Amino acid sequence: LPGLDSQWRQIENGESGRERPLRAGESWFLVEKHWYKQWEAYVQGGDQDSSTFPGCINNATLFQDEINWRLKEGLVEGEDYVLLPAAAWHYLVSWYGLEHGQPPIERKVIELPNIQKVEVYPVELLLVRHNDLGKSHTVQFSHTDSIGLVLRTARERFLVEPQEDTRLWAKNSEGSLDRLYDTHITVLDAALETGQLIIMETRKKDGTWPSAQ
């Protein structure tokens, strides 16, 4: 079997383990809480031949029935079980092995229906140009609005000619900066907050961008 650090990093990393975002169609598996916590103790224990060896995966307290292997109901994530992506699960099974007679507990990700709601508190943003950070335009956007729309909005409110070249910057929190190069994601997909600063940047006649020398 791989090293402890190898197992841990293979199970707990993002996009290859537990910290994978939920994507529609992807399969996830269940591991009983105590077994997983024992595995965590073993891997983080600093010894491979320790007595904290979890052994075969055991989800006996998750099944209502031993004959049909029907999942118990009312089980909560974090309390009774822990979810593992297909990859990490397969690795665990290849390493420690599933208990004999037991089926893998597999479920899939689904996209819940779109809930409608009245947006009482829109994202109030202050639109600002690179050349004048004192001269601003306060505009309200929706959480579901696209960043391209925000770009066009800043372009409209500051009346910039189409021959001119513009880019979008976002001032996360109070000081932190982050470039906004994606024009196909929503405001909610941008971590924008009310009162935040959005800096629209226009290329100079030199062919240079104010941030790029």
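Start at 1 and count along the sequence shown; that's the residue number.
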> Which of the two stretches, 26-34 or 47-55, shows the higher mean Cα temperature factor in the record?
Replying inline: 47-55
>> Comparing average C-alpha B factors as deposited, tell me which of 156-164 and 178-186 sits higher.
In response: 178-186
> So among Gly134, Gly78, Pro113, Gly97, who wins on Cα B-factor in the entry?
Replying inline: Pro113
>> Test of reading the entry: by CA B factor among the chain's modelled residues, which third contains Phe141?
In response: middle
> So where's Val118 on the chain's Cα temperature factor ranking, which third?
Replying inline: lowest
> If you rank the chain by CA B-factor, which third does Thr194 end up in: lowest, middle or highest?
Replying inline: lowest
> Which third of the chain holds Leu151 when residues are ordered by C-alpha B factor: lowest, middle or highest?
Replying inline: lowest
> In terms of the chain's CA B-factor thirds, is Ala86 lowest, middle or highest?
Replying inline: highest
